Amino acid sequence: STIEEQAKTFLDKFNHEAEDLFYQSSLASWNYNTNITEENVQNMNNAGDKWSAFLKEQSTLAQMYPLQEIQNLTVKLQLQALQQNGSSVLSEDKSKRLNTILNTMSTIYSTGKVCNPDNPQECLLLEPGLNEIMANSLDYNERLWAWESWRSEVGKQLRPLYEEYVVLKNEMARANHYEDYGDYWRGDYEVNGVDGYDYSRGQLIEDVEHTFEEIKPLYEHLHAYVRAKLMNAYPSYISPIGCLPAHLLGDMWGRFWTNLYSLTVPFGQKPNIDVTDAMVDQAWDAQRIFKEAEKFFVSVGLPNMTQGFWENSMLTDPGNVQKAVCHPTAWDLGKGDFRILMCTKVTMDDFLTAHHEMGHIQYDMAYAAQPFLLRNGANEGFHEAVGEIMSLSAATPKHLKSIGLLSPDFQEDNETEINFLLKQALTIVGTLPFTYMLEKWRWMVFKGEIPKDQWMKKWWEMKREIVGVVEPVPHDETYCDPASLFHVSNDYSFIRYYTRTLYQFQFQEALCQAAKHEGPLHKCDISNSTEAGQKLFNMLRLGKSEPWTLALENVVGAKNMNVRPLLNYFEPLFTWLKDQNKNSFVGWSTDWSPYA
Amino acid sequence: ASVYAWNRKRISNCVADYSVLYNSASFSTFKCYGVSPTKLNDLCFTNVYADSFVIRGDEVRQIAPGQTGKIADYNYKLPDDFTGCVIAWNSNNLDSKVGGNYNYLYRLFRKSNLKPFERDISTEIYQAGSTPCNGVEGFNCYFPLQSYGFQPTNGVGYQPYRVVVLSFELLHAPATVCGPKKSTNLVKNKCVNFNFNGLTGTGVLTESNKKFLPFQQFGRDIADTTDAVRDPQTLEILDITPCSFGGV
Ligand SMILES: *[C@@H]1O[C@H](CO)[C@@H](O[C@@H]2O[C@H](CO)[C@@H](O)[C@H](O)[C@H]2NC(C)=O)[C@H](O)[C@H]1NC(C)=O
Ligand SMILES: *[C@@H]1O[C@H](CO)[C@@H](O)[C@H](O)[C@H]1NC(C)=O
Ligand SMILES: *[C@@H]1O[C@H](CO)[C@@H](O)[C@H](O)[C@H]1NC(C)=O
Ligand SMILES: *[C@@H]1O[C@H](CO)[C@@H](O)[C@H](O)[C@H]1NC(C)=O
Ligand SMILES: *[C@@H]1O[C@H](CO)[C@@H](O)[C@H](O)[C@H]1NC(C)=O
Ligand SMILES: *[C@@H]1O[C@H](CO)[C@@H](O)[C@H](O)[C@H]1NC(C)=O
């Protein structure tokens, strides 16, 4: 005769009904990503539509559940997630603007165009067309055209579409009793109902900004250092007194600076840590690449992979007619079914991606005992940062010499670590200001205190201040270059990548202290330590059933999002960068110098 | 049948060969509770009722005496001190289909715990709240019946394992059927211990000229001294005498 026993009956009914429907949709989506036919797109959408419509019926039934008397916390978190109305609050004339706009945005992003205006020779897709002009060439004139080949040919048609998108997605928050749509994405980090453990939605803006005043002095010296080794390819085209152009930062958007490693190597005379040539001497294949990753995990203490994955998943590119994309993604089909979807290669990245993409799988069966609504990560940053802590460990020279990939006689001097640490700094430190700035811009435009004519003059003036990028060409408000990125166009919360770095290094210091490694964090290893495996597995198995702030106290002992155990990873790099920047102009103000 | 419709059929008047199970090389949960696999062959108990049902891989551990849970509490409860064995094996090749095997159902909610060795067949709906349900699903009806989903691609954890339960209890009924005690190597003209069904002794085994009727097991001549046995595996009558002895 209590609502508490009535909710446990309903959640027990929903868990068995949803996991049957979710497995059919996940199995249909797996076949779409392996064997593309004309009917397979309709076949996946048929099962995926009835799964989305199933949640519409269950959300209305759980609404009549009053929350003010449920003392149990396991079902309180389940009822809060199940009762999210989402698109049910909108009218029929307004709900049709979601699926129409989002599929037009995705189709627009799928159009690859590098054909020159008034010179129509040929142009390929994004991966074969756009990536070669950004990762290999060192010419300023065509890269400026290539910067304008996508930000003036794809983003020009999004202004009437994306501004209409940010005025109706913003209205759901008042209908869902949220502040704005930027506040809606912070509900994943929101914790309520526990005394002293509560995480407010508005304190997260402050905590991200509070951790940024020590990221900045690392990024101040990184940007100062990288501007002296960039003017070698462009002598008279950039001044070493201001900021950097946007089309010279590794990517089209400057998210990852991995392609600047070849241009800005400190001391390239001694050979780098490269074992791509080592695997082709020993005849490595797709099976042996993932087999050494599996024995790496069981040496830590995690359970090994099941027998229904090696003979069931695909590893290479199969056949000739199957033109399916094999971007490295982790699949959680449920009911004990776990798959990895990627194309294997004997390279540095694919060997690390083999370790990286398995970690999301190793996180997925950990909360397999949890109910279906709690069968997820603690937040959006846990499931990405867990899959990357083994990528830091697998790239260490100690782990590479353990298997036998590296040479048995490889000395470890100063520069053998600065070359490795600076490669990690361009892909980790360089993406923190880009991730924070874009989410700060998206949060305020979702708040609504940014007029229509002030998108670019505020977006560009903060890119110049925080990130430190001079615009290669001035742009008015009709340009829409911030919407060109993959995550912003497909409705992905990008704040999960800023907290990914701050999580993947909080766990690294906790696991290295558990393994009792004598040395710095760059040479540390996780394998051959069952004490570190048991420390990680206790927090992986919790899932969303416990608050994420309780997951931190199980590994690091700090209930807040700690940023201190990330500067300690780059202290060998940071102390050298402070000595290298004795005469360079470190620290930029606002700089309209090059393109006034 | 389903877990909530487990059958109960008596096994009697026949020999149950438990040796073939040991060398099957396909079992995964061949465990015995309250008895040993080796010592249930020489001696046996009546009431060999066998229960047939399908239990998922994750819920195999729930099916054990002295252990509670969901299946053991609302579907089929094993009584404490259950002197029997549990035998299970995988049935993925046959007890599975694409799209979900919607042929096995189970009870998810019950007002009271199931009495051990009770089979319940009813359409009564659960009463989570106070307001009665009049057959129309509402906020407190919660139709407990649900269909399991088994697929060939399902993980080993939830793989549908074919499991059978054998019970062995010694009630007031004697003269029951036991397991296999195949044979030893018979020896003739040598002082050898013999223990047939109901009698034992020592002596010399040799051929006999006398004839026994087809409804006896042994015989005696004088002063209740056994001197001839007719073993049933050979259908032959033999003569038994104590082996040579005397005072030197
Ligand atoms: C982790 O443990 C494994 C298992 O002992 C180590 O593998 C051994 O490596 C040494 C030399 O590298 C060999 O002589 C042994 O034969 C290996 N053992 C086996 C079972 O193959 C591995 O080196 C350890 N790695 C670290 C970093 O400690
Ligand atoms: C794979 O796709 C091709 C055409 O794209 C189709 O003919 C074939 O039947 C498919 N095979 C499987 C196993 O899906
Ligand atoms: C909530 O209910 C579950 C049901 O098993 C129980 O395990 C858990 O301890 C309960 N939590 C609280 C705080 O009562
Ligand atoms: C979802 O929509 C229904 C229909 O109006 C409404 O009663 C309910 O309060 C909404 N849920 C939330 C959380 O606002
Ligand atoms: C996983 O480890 C267990 C324990 O040693 C072993 O029995 C099993 O065969 C292993 N499975 C695989 C696929 O390696
Ligand atoms: C690193 O640099 C310092 C400063 O010159 C030097 O003393 C030290 O020997 C170097 N380390 C190695 C391993 O050469």
# chains A, B, ... in the order shown; residues from 1 in each chain; ligands from 1
>>> interface_residues(of="chain B", to="chain A", cutoff="12 Å", atoms="only C-alpha atoms", output="PyMOL selection string")
chain B and resi 56-59+70+98-102+105-111+126-132+137-160
>>> residues_near_ligand(ligand="ligand 2", cutoff="6 Å", atoms="only C-alpha atoms and all ligand atoms", output="ChimeraX atom specification")
/A:35-37,321-322
>>> residues_around(residues="residue 54 in chain B", least_positions_apart="6", cutoff="8 Å", atoms="only C-alpha atoms", output="list in words")
residues 1, 2, 3, 104, 160, 161, 162 and 163 of chain B
>>> residues_near_ligand(ligand="ligand 5", cutoff="8 Å", atoms="only C-alpha atoms and all ligand atoms", output="list in words")
residues 294, 298, 303, 304, 305, 306 and 307 of chain A
>>> write_last_selection(atoms="C-alpha atoms", output="JSON list (two decimals), in the first residue's frame")
[["chain", "number", "residue", "atom", "x", "y", "z"],
["A", 294, "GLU", "CA", 43.50, -8.76, -23.69],
["A", 298, "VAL", "CA", 43.91, -9.65, -17.24],
["A", 303, "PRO", "CA", 38.18, -10.15, -16.21],
["A", 304, "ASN", "CA", 39.13, -11.29, -19.67],
["A", 305, "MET", "CA", 36.93, -11.06, -22.75],
["A", 306, "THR", "CA", 34.22, -13.62, -23.49],
["A", 307, "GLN", "CA", 34.29, -16.27, -26.23]]
>>> residues_near_ligand(ligand="ligand 1", cutoff="9 Å", atoms="only C-alpha atoms and all ligand atoms", output="PyMOL selection string")
chain A and resi 296+299+398-404+525-529
>>> residues_around(residues="residue 234 in chain B", least_positions_apart="6", cutoff="12 Å", atoms="only C-alpha atoms", output="JSON, numbers by chain")
{"B": [183, 186, 217]}
>>> residues_around(residues="residue 105 in chain A", least_positions_apart="4", cutoff="12 Å", atoms="only C-alpha atoms", output="number ranges by chain")
A: 97-101, 109-111, 154-155, 157-162, 165, 483-491
>>> residues_near_ligand(ligand="ligand 6", cutoff="10 Å", atoms="only C-alpha atoms and all ligand atoms", output="JSON, numbers by chain")
{"A": [411, 412, 413, 414, 415, 416, 417, 576]}
>>> select_by_dssp(residues="range 424-560 of chain A", states="alpha helix (DSSP H)", output="VMD selection string")
chain A and resid 424 to 428 431 to 447 455 to 462 486 to 489 495 to 504 506 to 514 530 to 540 548 to 553
>>> residues_near_ligand(ligand="ligand 3", cutoff="9 Å", atoms="only C-alpha atoms and all ligand atoms", output="PyMOL selection string")
chain A and resi 8+71-75
>>> write_last_selection(atoms="N, CA, C and O atoms", output="CSV table (one decimal), in the first residue's frame")
chain,number,residue,atom,x,y,z
A,8,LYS,N,9.0,-0.2,-7.3
A,8,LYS,CA,9.9,-1.3,-7.5
A,8,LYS,C,9.3,-2.4,-8.4
A,8,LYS,O,10.0,-3.1,-9.1
A,71,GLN,N,12.4,7.1,-0.2
A,71,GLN,CA,13.6,7.2,0.5
A,71,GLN,C,14.7,6.3,-0.1
A,71,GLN,O,15.9,6.6,0.2
A,72,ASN,N,14.4,5.3,-0.9
A,72,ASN,CA,15.4,4.5,-1.6
A,72,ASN,C,16.0,5.4,-2.7
A,72,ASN,O,15.3,6.0,-3.5
A,73,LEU,N,17.3,5.3,-2.8
A,73,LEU,CA,18.1,6.1,-3.7
A,73,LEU,C,18.3,5.4,-5.0
A,73,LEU,O,18.6,6.0,-6.1
A,74,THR,N,18.3,4.0,-5.0
A,74,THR,CA,18.5,3.3,-6.3
A,74,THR,C,17.4,3.5,-7.3
A,74,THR,O,17.6,3.7,-8.5
A,75,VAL,N,16.1,3.5,-6.8
A,75,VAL,CA,15.0,3.8,-7.7
A,75,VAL,C,14.7,5.3,-7.9
A,75,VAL,O,14.0,5.6,-8.8
>>> residues_near_ligand(ligand="ligand 4", cutoff="8 Å", atoms="only C-alpha atoms and all ligand atoms", output="list in words")
residues 59, 60, 63, 83, 84, 85, 88, 89, 175, 176 and 177 of chain A
